[PDB]
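Next up, final.tsv (TSV, C-alpha atoms):
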chain	number	residue	atom	x	y	z
A	5	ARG	CA	-55.28	-3.65	2.85
A	6	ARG	CA	-52.27	-3.54	5.16
A	7	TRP	CA	-48.91	-5.33	5.26
A	8	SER	CA	-47.73	-7.39	8.22
A	9	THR	CA	-44.50	-6.39	10.02
A	10	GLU	CA	-42.97	-9.52	8.49
A	11	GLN	CA	-43.82	-8.30	4.93
A	12	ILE	CA	-42.49	-4.79	5.66
A	13	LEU	CA	-39.20	-6.27	7.00
A	14	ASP	CA	-38.79	-8.50	3.93
A	15	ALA	CA	-39.40	-5.57	1.56
A	16	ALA	CA	-36.80	-3.62	3.48
A	17	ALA	CA	-34.25	-6.47	3.27
A	18	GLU	CA	-34.51	-6.45	-0.49
A	19	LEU	CA	-34.26	-2.69	-0.76
A	20	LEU	CA	-31.14	-2.83	1.39
A	21	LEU	CA	-29.48	-5.34	-0.96
A	22	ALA	CA	-29.20	-3.20	-4.08
A	23	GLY	CA	-28.12	0.11	-2.70
A	24	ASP	CA	-26.12	2.04	-2.49
A	25	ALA	CA	-25.90	2.89	0.29
A	27	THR	CA	-29.85	5.10	-0.64
A	28	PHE	CA	-32.11	3.27	1.92
A	29	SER	CA	-34.67	5.32	3.84
A	30	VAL	CA	-37.92	4.93	5.65
A	31	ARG	CA	-39.47	7.20	2.97
A	32	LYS	CA	-38.35	4.81	0.16
A	33	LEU	CA	-39.51	1.77	2.10
A	34	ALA	CA	-42.96	3.35	2.63
A	35	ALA	CA	-43.24	4.29	-1.02
A	36	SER	CA	-42.42	0.73	-2.10
A	37	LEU	CA	-45.29	-0.53	0.08
A	38	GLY	CA	-47.74	2.10	-1.22
A	39	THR	CA	-48.01	3.53	2.19
A	40	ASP	CA	-46.55	6.44	4.12
A	41	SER	CA	-43.71	6.89	6.57
A	42	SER	CA	-46.10	7.81	9.37
A	43	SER	CA	-47.94	4.45	8.84
A	44	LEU	CA	-44.78	2.40	8.94
A	45	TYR	CA	-43.82	3.74	12.33
A	46	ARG	CA	-46.83	2.07	13.82
A	47	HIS	CA	-44.70	-1.04	13.39
A	48	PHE	CA	-41.33	0.06	14.81
A	49	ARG	CA	-40.49	2.30	17.73
A	50	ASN	CA	-37.81	4.01	15.46
A	51	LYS	CA	-35.34	3.51	12.61
A	52	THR	CA	-32.73	1.53	14.60
A	53	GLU	CA	-35.53	-0.74	15.86
A	54	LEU	CA	-36.63	-1.09	12.23
A	55	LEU	CA	-33.03	-1.98	11.12
A	56	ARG	CA	-32.60	-4.48	13.98
A	57	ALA	CA	-35.88	-6.03	12.97
A	58	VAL	CA	-34.70	-6.29	9.40
A	59	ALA	CA	-31.32	-7.81	10.60
A	60	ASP	CA	-33.49	-10.49	12.30
A	61	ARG	CA	-34.94	-11.40	8.92
A	62	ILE	CA	-31.38	-12.03	7.69
A	63	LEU	CA	-30.80	-14.46	10.56
A	64	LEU	CA	-34.08	-16.13	9.62
A	65	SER	CA	-33.02	-16.66	6.03
A	66	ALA	CA	-29.56	-17.79	7.15
A	67	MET	CA	-31.32	-20.64	8.93
A	68	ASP	CA	-33.47	-21.41	5.85
A	69	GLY	CA	-33.40	-25.08	5.22
A	70	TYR	CA	-30.85	-25.71	7.97
A	71	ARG	CA	-30.65	-29.26	9.33
A	72	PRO	CA	-28.40	-30.12	12.34
A	73	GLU	CA	-26.16	-32.69	10.71
A	74	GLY	CA	-22.69	-33.85	11.81
A	75	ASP	CA	-20.95	-33.38	15.13
A	76	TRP	CA	-21.32	-30.34	17.45
A	77	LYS	CA	-18.27	-28.59	15.95
A	78	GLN	CA	-19.54	-29.20	12.39
A	79	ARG	CA	-22.95	-27.74	13.43
A	80	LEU	CA	-21.46	-24.59	14.98
A	81	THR	CA	-19.23	-24.14	11.89
A	82	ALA	CA	-22.21	-24.59	9.57
A	83	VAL	CA	-24.23	-21.97	11.37
A	84	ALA	CA	-21.27	-19.48	11.46
A	85	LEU	CA	-20.78	-19.98	7.65
A	86	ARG	CA	-24.50	-19.53	6.94
A	87	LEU	CA	-24.50	-16.32	8.93
A	88	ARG	CA	-21.39	-15.03	7.16
A	89	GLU	CA	-22.92	-15.87	3.75
A	90	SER	CA	-26.29	-14.29	4.56
A	91	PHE	CA	-24.68	-11.05	5.71
A	92	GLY	CA	-22.26	-11.05	2.70
A	93	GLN	CA	-24.39	-8.71	0.60
A	94	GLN	CA	-25.96	-6.93	3.61
A	95	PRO	CA	-23.08	-4.86	5.12
A	96	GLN	CA	-25.35	-2.23	6.72
A	97	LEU	CA	-27.49	-4.87	8.50
A	98	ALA	CA	-24.29	-6.76	9.47
A	99	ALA	CA	-23.23	-3.66	11.45
A	100	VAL	CA	-26.59	-3.26	13.16
A	101	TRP	CA	-26.69	-6.92	14.17
A	102	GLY	CA	-23.10	-6.91	15.36
A	103	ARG	CA	-24.03	-3.99	17.62
A	104	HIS	CA	-27.49	-4.68	18.98
A	105	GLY	CA	-28.20	-8.33	18.04
A	106	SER	CA	-31.88	-9.03	17.30
A	107	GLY	CA	-34.74	-10.36	19.40
A	108	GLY	CA	-37.00	-12.19	16.98
A	109	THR	CA	-37.60	-15.54	15.29
A	110	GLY	CA	-34.35	-15.49	13.29
A	111	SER	CA	-32.29	-14.92	16.38
A	112	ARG	CA	-34.28	-17.61	18.14
A	113	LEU	CA	-33.61	-20.29	15.48
A	114	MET	CA	-29.94	-19.41	15.38
A	115	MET	CA	-29.65	-19.35	19.17
A	116	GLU	CA	-31.55	-22.64	19.55
A	117	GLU	CA	-29.06	-24.43	17.26
A	118	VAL	CA	-25.94	-22.89	18.84
A	119	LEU	CA	-27.17	-23.76	22.32
A	120	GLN	CA	-28.15	-27.37	21.32
A	121	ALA	CA	-24.67	-27.76	19.74
A	122	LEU	CA	-22.97	-26.46	22.91
A	123	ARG	CA	-25.02	-28.96	24.99
A	124	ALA	CA	-24.04	-31.69	22.57
A	125	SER	CA	-20.35	-30.97	23.25
A	126	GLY	CA	-20.76	-31.92	26.92
A	127	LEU	CA	-19.82	-28.44	28.20
A	128	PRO	CA	-21.56	-27.92	31.56
A	129	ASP	CA	-24.97	-26.10	31.34
A	130	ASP	CA	-23.96	-23.61	33.92
A	131	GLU	CA	-21.15	-22.49	31.53
A	132	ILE	CA	-23.18	-22.49	28.30
A	133	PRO	CA	-24.54	-18.90	28.37
A	134	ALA	CA	-21.02	-17.48	28.82
A	135	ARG	CA	-19.62	-19.82	26.09
A	136	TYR	CA	-22.48	-18.82	23.82
A	137	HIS	CA	-21.85	-15.10	24.46
A	138	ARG	CA	-18.13	-15.30	23.48
A	139	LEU	CA	-18.80	-17.48	20.45
A	140	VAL	CA	-21.42	-15.09	19.00
A	141	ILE	CA	-19.36	-12.02	19.86
A	142	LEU	CA	-16.52	-13.65	17.86
A	143	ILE	CA	-18.67	-14.59	14.81
A	144	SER	CA	-20.52	-11.26	14.74
A	145	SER	CA	-17.36	-9.21	15.25
A	146	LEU	CA	-15.66	-10.95	12.33
A	147	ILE	CA	-18.74	-10.51	10.10
A	148	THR	CA	-19.17	-6.80	10.90
A	149	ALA	CA	-15.46	-6.08	10.34
A	150	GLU	CA	-15.31	-7.83	7.00
A	151	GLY	CA	-18.14	-5.83	5.42
A	152	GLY	CA	-17.47	-2.23	6.53
A	167	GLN	CA	-3.52	-0.44	-2.68
A	168	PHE	CA	-2.50	2.02	0.10
A	169	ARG	CA	1.04	2.52	1.48
A	170	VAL	CA	2.30	-0.57	3.34
A	171	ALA	CA	4.00	-0.05	6.79
A	172	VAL	CA	7.33	-1.72	5.89
A	173	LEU	CA	8.05	0.56	2.91
A	174	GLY	CA	10.77	2.89	4.17
A	175	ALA	CA	11.28	1.04	7.51
A	176	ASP	CA	14.85	0.87	8.80
A	177	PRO	CA	15.76	-2.86	8.68
A	178	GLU	CA	18.06	-2.54	11.69
A	179	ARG	CA	15.22	-0.99	13.84
A	180	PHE	CA	12.62	-3.41	12.43
A	181	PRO	CA	14.33	-6.72	11.59
A	182	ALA	CA	11.29	-8.93	11.90
A	183	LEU	CA	9.13	-6.63	9.82
A	184	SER	CA	11.77	-6.35	7.09
A	185	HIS	CA	12.26	-10.17	7.15
A	186	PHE	CA	8.49	-10.95	6.77
A	187	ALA	CA	6.71	-7.94	5.35
A	188	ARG	CA	6.94	-9.08	1.66
A	189	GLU	CA	5.04	-12.23	2.65
A	190	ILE	CA	2.44	-10.48	4.83
A	191	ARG	CA	-1.04	-10.23	3.29
A	192	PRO	CA	-3.05	-6.98	3.71
A	193	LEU	CA	-5.57	-7.04	6.58
A	194	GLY	CA	-8.43	-6.76	4.09
A	195	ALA	CA	-7.29	-9.70	1.89
A	196	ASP	CA	-8.14	-13.42	2.37
A	197	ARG	CA	-10.96	-12.63	4.91
A	198	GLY	CA	-12.92	-15.87	4.16
A	199	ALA	CA	-10.01	-18.12	5.04
A	200	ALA	CA	-9.16	-15.99	8.10
A	201	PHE	CA	-12.85	-16.35	9.25
A	202	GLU	CA	-12.72	-20.13	9.02
A	203	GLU	CA	-9.29	-20.48	10.70
A	204	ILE	CA	-10.10	-18.14	13.55
A	205	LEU	CA	-13.44	-19.92	14.06
A	206	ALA	CA	-11.78	-23.38	14.01
A	207	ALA	CA	-9.22	-22.16	16.58
A	208	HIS	CA	-12.07	-21.04	18.82
A	209	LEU	CA	-14.03	-24.33	18.50
A	210	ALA	CA	-10.77	-26.25	19.30
A	211	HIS	CA	-10.64	-24.21	22.55
A	212	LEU	CA	-14.23	-25.24	23.37
A	213	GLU	CA	-13.38	-28.85	22.54
A	214	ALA	CA	-10.36	-28.73	24.86
A	215	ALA	CA	-12.65	-27.36	27.66
A	216	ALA	CA	-15.31	-30.10	27.09
A	217	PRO	CA	-15.04	-33.42	28.88
B	6	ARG	CA	0.77	25.69	5.07
B	7	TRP	CA	-0.05	23.77	7.58
B	8	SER	CA	2.62	21.06	7.23
B	9	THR	CA	1.94	17.33	7.38
B	10	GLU	CA	3.31	17.08	10.89
B	11	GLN	CA	1.25	20.04	12.08
B	12	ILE	CA	-1.94	18.50	10.68
B	13	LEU	CA	-1.31	15.13	12.30
B	14	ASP	CA	-0.25	16.66	15.63
B	15	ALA	CA	-3.51	18.63	15.47
B	16	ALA	CA	-5.46	15.41	14.78
B	17	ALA	CA	-3.67	13.73	17.74
B	18	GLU	CA	-4.78	16.58	20.03
B	19	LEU	CA	-8.37	15.96	18.86
B	20	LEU	CA	-7.93	12.23	19.67
B	21	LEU	CA	-6.26	12.89	23.06
B	22	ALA	CA	-8.91	12.30	25.38
B	23	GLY	CA	-11.83	13.55	27.50
B	24	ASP	CA	-13.80	14.82	25.86
B	25	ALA	CA	-12.30	13.18	22.73
B	26	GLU	CA	-15.35	13.36	20.48
B	27	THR	CA	-15.51	10.90	17.58
B	28	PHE	CA	-12.73	12.15	15.30
B	29	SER	CA	-13.81	13.84	12.09
B	30	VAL	CA	-11.79	15.32	9.28
B	31	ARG	CA	-14.36	18.09	8.91
B	32	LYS	CA	-13.89	19.13	12.56
B	33	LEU	CA	-10.12	18.93	12.18
B	34	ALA	CA	-10.27	21.10	9.06
B	35	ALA	CA	-12.52	23.71	10.77
B	36	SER	CA	-10.23	23.80	13.77
B	37	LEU	CA	-7.24	24.33	11.41
B	38	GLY	CA	-9.03	27.17	9.48
B	39	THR	CA	-8.88	25.11	6.32
B	40	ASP	CA	-11.19	22.68	4.49
B	41	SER	CA	-11.59	18.93	4.33
B	42	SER	CA	-10.79	18.67	0.58
B	43	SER	CA	-7.58	20.64	1.06
B	44	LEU	CA	-6.49	18.17	3.76
B	45	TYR	CA	-7.32	15.21	1.46
B	46	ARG	CA	-5.18	16.69	-1.39
B	47	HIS	CA	-2.43	17.27	1.10
B	48	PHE	CA	-2.49	13.55	1.92
B	49	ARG	CA	-3.30	12.33	-1.64
B	50	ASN	CA	-6.69	10.93	-0.76
B	51	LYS	CA	-9.12	10.78	2.11
B	52	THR	CA	-8.14	7.21	2.93
B	53	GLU	CA	-4.42	8.00	3.31
B	54	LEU	CA	-5.26	10.89	5.73
B	55	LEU	CA	-7.52	8.57	7.81
B	56	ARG	CA	-4.83	5.90	7.86
B	57	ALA	CA	-2.20	8.49	9.01
B	58	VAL	CA	-4.57	9.54	11.81
B	59	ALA	CA	-5.12	5.85	12.77
B	60	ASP	CA	-1.33	5.42	12.80
B	61	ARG	CA	-1.10	8.07	15.53
B	62	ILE	CA	-3.46	5.88	17.62
B	63	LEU	CA	-1.12	2.91	17.09
B	64	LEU	CA	1.88	5.13	17.90
B	65	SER	CA	0.07	6.09	21.11
B	66	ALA	CA	-0.82	2.43	21.86
B	67	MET	CA	2.90	1.39	21.54
B	68	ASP	CA	4.38	4.40	23.40
B	69	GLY	CA	6.51	3.21	26.40
B	70	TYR	CA	6.09	-0.44	25.48
B	71	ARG	CA	8.68	-2.71	27.17
B	72	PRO	CA	8.44	-6.46	26.50
B	73	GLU	CA	8.19	-8.75	29.45
B	74	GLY	CA	6.94	-12.25	30.13
B	75	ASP	CA	6.46	-14.99	27.53
B	76	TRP	CA	5.36	-14.57	23.93
B	77	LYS	CA	1.64	-14.94	24.91
B	78	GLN	CA	1.94	-12.27	27.56
B	79	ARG	CA	3.57	-9.95	25.01
B	80	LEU	CA	0.84	-10.48	22.42
B	81	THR	CA	-1.77	-9.92	25.13
B	82	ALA	CA	-0.05	-6.68	26.32
B	83	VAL	CA	-0.01	-5.36	22.76
B	84	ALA	CA	-3.72	-6.36	22.19
B	85	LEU	CA	-4.78	-4.59	25.36
B	86	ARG	CA	-2.80	-1.41	24.49
B	87	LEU	CA	-4.54	-1.39	21.04
B	88	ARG	CA	-8.00	-1.92	22.50
B	89	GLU	CA	-7.44	0.89	25.08
B	90	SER	CA	-6.11	3.34	22.44
B	91	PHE	CA	-8.97	2.75	19.99
B	92	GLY	CA	-11.55	2.92	22.78
B	93	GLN	CA	-13.30	6.09	21.75
B	94	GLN	CA	-12.50	5.80	17.99
B	95	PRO	CA	-14.71	3.23	16.25
B	96	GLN	CA	-14.40	4.83	12.79
B	97	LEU	CA	-10.61	4.91	12.94
B	98	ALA	CA	-10.49	1.33	14.28
B	99	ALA	CA	-12.42	0.19	11.15
B	100	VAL	CA	-9.99	2.06	8.84
B	101	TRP	CA	-7.08	0.32	10.58
B	102	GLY	CA	-8.88	-3.07	10.44
B	103	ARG	CA	-9.64	-2.68	6.70
B	104	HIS	CA	-6.51	-0.91	5.35
B	105	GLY	CA	-3.86	-1.02	8.05
B	106	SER	CA	-2.30	2.25	9.17
B	107	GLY	CA	0.90	2.51	7.12
B	108	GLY	CA	3.30	4.34	9.44
B	109	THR	CA	5.62	4.26	12.43
B	110	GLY	CA	2.78	3.11	14.80
B	111	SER	CA	2.11	0.11	12.54
B	112	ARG	CA	5.83	-0.61	12.25
B	113	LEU	CA	6.16	-0.67	16.09
B	114	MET	CA	3.09	-2.87	16.56
B	115	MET	CA	4.00	-5.25	13.76
B	116	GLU	CA	7.61	-5.61	14.86
B	117	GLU	CA	6.50	-6.66	18.39
B	118	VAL	CA	3.73	-9.06	17.19
B	119	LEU	CA	6.13	-10.69	14.67
B	120	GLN	CA	8.90	-11.03	17.26
B	121	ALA	CA	6.45	-12.61	19.70
B	122	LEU	CA	5.21	-14.97	17.00
B	123	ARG	CA	8.84	-15.96	16.21
B	124	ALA	CA	9.21	-16.58	19.94
B	125	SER	CA	6.27	-19.04	19.94
B	126	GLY	CA	8.43	-21.46	17.91
B	127	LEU	CA	5.88	-21.60	15.04
B	128	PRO	CA	7.64	-22.22	11.70
B	129	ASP	CA	8.92	-19.13	10.01
B	130	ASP	CA	6.93	-19.86	6.83
B	131	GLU	CA	3.59	-19.76	8.74
B	132	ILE	CA	4.34	-16.59	10.65
B	133	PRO	CA	2.88	-14.10	8.12
B	134	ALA	CA	-0.44	-16.06	7.98
B	135	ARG	CA	-0.49	-16.42	11.79
B	136	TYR	CA	0.09	-12.65	12.00
B	137	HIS	CA	-2.75	-11.89	9.48
B	138	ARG	CA	-5.24	-14.05	11.41
B	139	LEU	CA	-4.25	-12.65	14.79
B	140	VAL	CA	-4.47	-9.05	13.77
B	141	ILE	CA	-7.76	-9.69	11.93
B	142	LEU	CA	-9.03	-11.14	15.24
B	143	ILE	CA	-7.82	-8.24	17.42
B	144	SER	CA	-8.95	-5.48	15.04
B	145	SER	CA	-12.32	-7.11	14.35
B	146	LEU	CA	-13.09	-7.39	18.09
B	147	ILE	CA	-12.08	-3.73	18.68
B	148	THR	CA	-14.07	-2.47	15.65
B	149	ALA	CA	-17.19	-4.33	16.75
B	150	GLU	CA	-16.83	-3.07	20.36
B	151	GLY	CA	-16.26	0.68	20.13
B	152	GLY	CA	-19.73	1.94	19.20
B	168	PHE	CA	-31.18	-7.45	34.01
B	169	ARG	CA	-31.12	-7.16	30.16
B	170	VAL	CA	-31.59	-10.06	27.74
B	171	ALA	CA	-30.94	-10.95	24.11
B	172	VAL	CA	-34.47	-12.46	23.69
B	173	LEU	CA	-37.54	-12.09	25.94
B	174	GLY	CA	-38.00	-15.85	26.50
B	175	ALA	CA	-38.78	-18.35	23.75
B	176	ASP	CA	-41.50	-20.87	22.84
B	177	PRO	CA	-40.27	-24.06	24.67
B	178	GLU	CA	-41.98	-26.24	22.03
B	179	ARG	CA	-39.97	-24.77	19.14
B	180	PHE	CA	-36.88	-23.57	21.08
B	181	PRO	CA	-36.53	-25.96	24.06
B	182	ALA	CA	-32.87	-25.12	24.87
B	183	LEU	CA	-33.19	-21.37	24.38
B	184	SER	CA	-36.34	-21.35	26.50
B	185	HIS	CA	-34.27	-22.77	29.34
B	186	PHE	CA	-31.27	-20.42	28.99
B	187	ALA	CA	-33.07	-17.25	27.85
B	188	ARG	CA	-32.91	-15.30	31.12
B	189	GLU	CA	-29.15	-15.88	31.38
B	190	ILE	CA	-28.24	-14.77	27.85
B	191	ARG	CA	-26.93	-11.21	27.81
B	192	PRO	CA	-27.46	-8.87	24.83
B	193	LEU	CA	-24.73	-9.19	22.14
B	194	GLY	CA	-23.09	-5.86	23.13
B	195	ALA	CA	-22.65	-6.58	26.83
B	196	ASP	CA	-19.42	-7.38	28.69
B	197	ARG	CA	-17.16	-6.67	25.63
B	198	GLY	CA	-13.89	-6.21	27.54
B	199	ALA	CA	-14.02	-9.54	29.30
B	200	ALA	CA	-15.05	-11.18	26.02
B	201	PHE	CA	-12.03	-9.55	24.21
B	202	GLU	CA	-9.65	-11.08	26.73
B	203	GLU	CA	-11.17	-14.58	26.78
B	204	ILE	CA	-11.45	-14.77	23.03
B	205	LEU	CA	-7.83	-13.61	22.53
B	206	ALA	CA	-6.64	-16.12	25.18
B	207	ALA	CA	-8.45	-18.95	23.32
B	208	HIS	CA	-6.75	-17.95	20.09
B	209	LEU	CA	-3.24	-17.85	21.73
B	210	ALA	CA	-3.98	-21.26	23.34
B	211	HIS	CA	-4.52	-22.59	19.78
B	212	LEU	CA	-1.23	-21.07	18.61
B	213	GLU	CA	0.54	-22.71	21.64
B	214	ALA	CA	-1.05	-26.07	20.72
B	215	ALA	CA	0.03	-25.78	17.12
B	216	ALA	CA	3.61	-24.85	17.98
B	217	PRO	CA	6.38	-27.52	17.95

Show how you would write the structure in this file as structure tokens.
Amino acid sequence: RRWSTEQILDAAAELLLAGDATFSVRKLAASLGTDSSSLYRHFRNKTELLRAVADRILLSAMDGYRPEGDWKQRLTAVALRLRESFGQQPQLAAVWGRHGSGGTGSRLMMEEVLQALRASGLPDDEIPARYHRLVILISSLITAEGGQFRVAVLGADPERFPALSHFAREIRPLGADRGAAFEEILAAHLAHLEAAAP
Amino acid sequence: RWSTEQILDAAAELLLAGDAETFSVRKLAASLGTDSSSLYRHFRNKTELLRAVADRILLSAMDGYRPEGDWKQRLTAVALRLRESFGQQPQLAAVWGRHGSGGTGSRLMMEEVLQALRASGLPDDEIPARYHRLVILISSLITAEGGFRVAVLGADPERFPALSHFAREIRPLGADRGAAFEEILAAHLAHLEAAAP
């Protein structure tokens, strides 16, 4: 009568959904009918527990993934799946964006990114560095998005700030339109990789 | 009684650096012999105080700025000043990234980024969207950054044949952030150059 680490992590993922933002080791233990001291047989500590749960989110992101389309379509598909999976998991998004994860979810995601980068023709020697920048970009955008007021132009002298005064009515707040910004920034980055590929 | 200016100058001293602990309103309020809620009321709400503090970081980032070089160089110079200024202030970077900062620091930063984007030759109608994407990029990278080794300890070569090959050479996600900031920004500006007429 004891849960696997996998089962514990999956219970935690669900608890972390509906917050807010509530989650503790005590609550997790109680949901499993066990105690906090027993859970820590599974995880060195709470940040190791949270990283391990963030891995489960990668794993589900990759749920039912098939590598269709060209290398750029594949990298875009993975980036979107990751963004969607983290969409309702802001806390885990932060943990992953900071530490990454070292389990099966990370492995499946990494395997596809790396196969896609090989598919592009980029030289192998360069792939780990290309990988590193690509995942830093995707993760950084995902952590920032998940976590009205006075706008900068209001009261600005139009002679001191002509460009700002000219544009500021058309400028969107930094927190608005984040889904489109994600896709456009990602596409820009993949165009850079394509330009670098033979 | 403290005044607005006094409070923000006090917050700027707390930011100004070494030690420069992670800023907190509660620490600022204690230092000022007042209380956090009183400071929030002074500024309307907690968010507007945190934005005003973030604006001082932007004001700092822009201080002494003199444009030189081409529009890409100017955007890069601004990006690097921002990353340096927010270095020890992850919470305030996230406030900026989510809400903007609202004041003279933002005005200075925005004016220079917009001028440089006008200088790229991109059509005037696109400039606000180009701005929004670029500053989302810069702020997101900074927010994620401010807080021998591998990401994964090998991998089953049957299930993960590529990763098994590369595993030793893949660094953990948080390594080498500064270099990555510069390369990623450069790739984005290279896209803007390619799109420009």

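Neighbours of range 200-216 of chain A closer than or equal to 7 Å, with only C-alpha atoms counted and sequence neighbours fewer than 3 positions away skipped, come out as residues 77, 125, 126, 127, 146, 196 and 197 of chain A; 138, 207, 208 and 211 of chain B.
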
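Within the 9 Å cut-off around residue 151 in chain A, using only C-alpha atoms and omitting residues fewer than 2 positions from it on the same chain, the listed residues are residues 91, 92, 93, 94, 95, 96, 98, 99, 146, 147, 148 and 149 of chain A.
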
Once you have the residues from the selection above, write them out as a PDB file, in the frame of the given file, restricted to C-alpha atoms.
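And here's out-v9.pdb as it stands now:
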ATOM      1  CA  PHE A  91     -24.680 -11.050   5.710  1.00  0.00           C
ATOM      2  CA  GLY A  92     -22.260 -11.050   2.700  1.00  0.00           C
ATOM      3  CA  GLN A  93     -24.390  -8.710   0.600  1.00  0.00           C
ATOM      4  CA  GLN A  94     -25.960  -6.930   3.610  1.00  0.00           C
ATOM      5  CA  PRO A  95     -23.080  -4.860   5.120  1.00  0.00           C
ATOM      6  CA  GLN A  96     -25.350  -2.230   6.720  1.00  0.00           C
ATOM      7  CA  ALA A  98     -24.290  -6.760   9.470  1.00  0.00           C
ATOM      8  CA  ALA A  99     -23.230  -3.660  11.450  1.00  0.00           C
ATOM      9  CA  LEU A 146     -15.660 -10.950  12.330  1.00  0.00           C
ATOM     10  CA  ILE A 147     -18.740 -10.510  10.100  1.00  0.00           C
ATOM     11  CA  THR A 148     -19.170  -6.800  10.900  1.00  0.00           C
ATOM     12  CA  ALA A 149     -15.460  -6.080  10.340  1.00  0.00           C
TER      13      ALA A 149
END

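With all atoms listed in the file as the atoms that count, the minimum distance from residue 134 in chain B to the choices B:185, B:204, B:212, B:36 is reached by B:212.
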
At a cut-off of 7 Å, which residues of chain A touch chain B? Count only C-alpha atoms and give the answer as a PyMOL selection string. chain A and resi 102-105+107+115-116+119-120+133+137-138+141+145-146+148-149+169-172+180+182-183+186+189-191+193-194+200+204+207-208+211

At a cut-off of 12 Å around the point (-5.6, 16.2, 0.3) (file coordinates), what residues fall inside when counting all atoms listed in the file? I'd like the answer as a VMD selection string. chain B and resid 7 to 9 12 30 34 39 to 55

Export of range 202-216 of chain A: N, CA and C atoms, as a PDB file, in the first residue's frame:
ATOM      1  N   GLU A 202       4.018  33.476 -30.660  1.00  0.00           N
ATOM      2  CA  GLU A 202       4.172  32.900 -31.964  1.00  0.00           C
ATOM      3  C   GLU A 202       5.091  33.694 -32.903  1.00  0.00           C
ATOM      4  N   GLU A 203       4.993  35.016 -32.864  1.00  0.00           N
ATOM      5  CA  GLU A 203       5.783  35.878 -33.757  1.00  0.00           C
ATOM      6  C   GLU A 203       7.260  35.940 -33.364  1.00  0.00           C
ATOM      7  N   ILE A 204       7.485  35.912 -32.083  1.00  0.00           N
ATOM      8  CA  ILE A 204       8.862  35.937 -31.567  1.00  0.00           C
ATOM      9  C   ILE A 204       9.492  34.575 -31.859  1.00  0.00           C
ATOM     10  N   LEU A 205       8.723  33.514 -31.638  1.00  0.00           N
ATOM     11  CA  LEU A 205       9.218  32.158 -31.980  1.00  0.00           C
ATOM     12  C   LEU A 205       9.523  32.029 -33.465  1.00  0.00           C
ATOM     13  N   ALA A 206       8.616  32.529 -34.320  1.00  0.00           N
ATOM     14  CA  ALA A 206       8.813  32.375 -35.787  1.00  0.00           C
ATOM     15  C   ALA A 206      10.064  33.148 -36.203  1.00  0.00           C
ATOM     16  N   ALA A 207      10.286  34.307 -35.577  1.00  0.00           N
ATOM     17  CA  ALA A 207      11.473  35.128 -35.884  1.00  0.00           C
ATOM     18  C   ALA A 207      12.717  34.277 -35.558  1.00  0.00           C
ATOM     19  N   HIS A 208      12.663  33.616 -34.414  1.00  0.00           N
ATOM     20  CA  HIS A 208      13.835  32.854 -33.980  1.00  0.00           C
ATOM     21  C   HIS A 208      14.107  31.663 -34.936  1.00  0.00           C
ATOM     22  N   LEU A 209      13.059  30.955 -35.323  1.00  0.00           N
ATOM     23  CA  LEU A 209      13.207  29.805 -36.227  1.00  0.00           C
ATOM     24  C   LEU A 209      13.671  30.281 -37.629  1.00  0.00           C
ATOM     25  N   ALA A 210      13.313  31.515 -38.025  1.00  0.00           N
ATOM     26  CA  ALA A 210      13.787  32.063 -39.315  1.00  0.00           C
ATOM     27  C   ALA A 210      15.286  32.275 -39.201  1.00  0.00           C
ATOM     28  N   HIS A 211      15.756  32.690 -38.033  1.00  0.00           N
ATOM     29  CA  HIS A 211      17.219  32.856 -37.790  1.00  0.00           C
ATOM     30  C   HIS A 211      17.946  31.496 -37.921  1.00  0.00           C
ATOM     31  N   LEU A 212      17.335  30.456 -37.341  1.00  0.00           N
ATOM     32  CA  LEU A 212      17.958  29.122 -37.442  1.00  0.00           C
ATOM     33  C   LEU A 212      17.947  28.721 -38.909  1.00  0.00           C
ATOM     34  N   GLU A 213      16.871  29.057 -39.645  1.00  0.00           N
ATOM     35  CA  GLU A 213      16.772  28.565 -41.010  1.00  0.00           C
ATOM     36  C   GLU A 213      17.857  29.273 -41.825  1.00  0.00           C
ATOM     37  N   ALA A 214      18.016  30.561 -41.595  1.00  0.00           N
ATOM     38  CA  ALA A 214      19.071  31.330 -42.277  1.00  0.00           C
ATOM     39  C   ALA A 214      20.473  30.784 -41.991  1.00  0.00           C
ATOM     40  N   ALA A 215      20.722  30.279 -40.787  1.00  0.00           N
ATOM     41  CA  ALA A 215      22.003  29.651 -40.403  1.00  0.00           C
ATOM     42  C   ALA A 215      22.183  28.223 -41.000  1.00  0.00           C
ATOM     43  N   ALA A 216      21.100  27.555 -41.381  1.00  0.00           N
ATOM     44  CA  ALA A 216      21.187  26.162 -41.858  1.00  0.00           C
ATOM     45  C   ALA A 216      21.653  26.136 -43.304  1.00  0.00           C
TER      46      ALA A 216
END
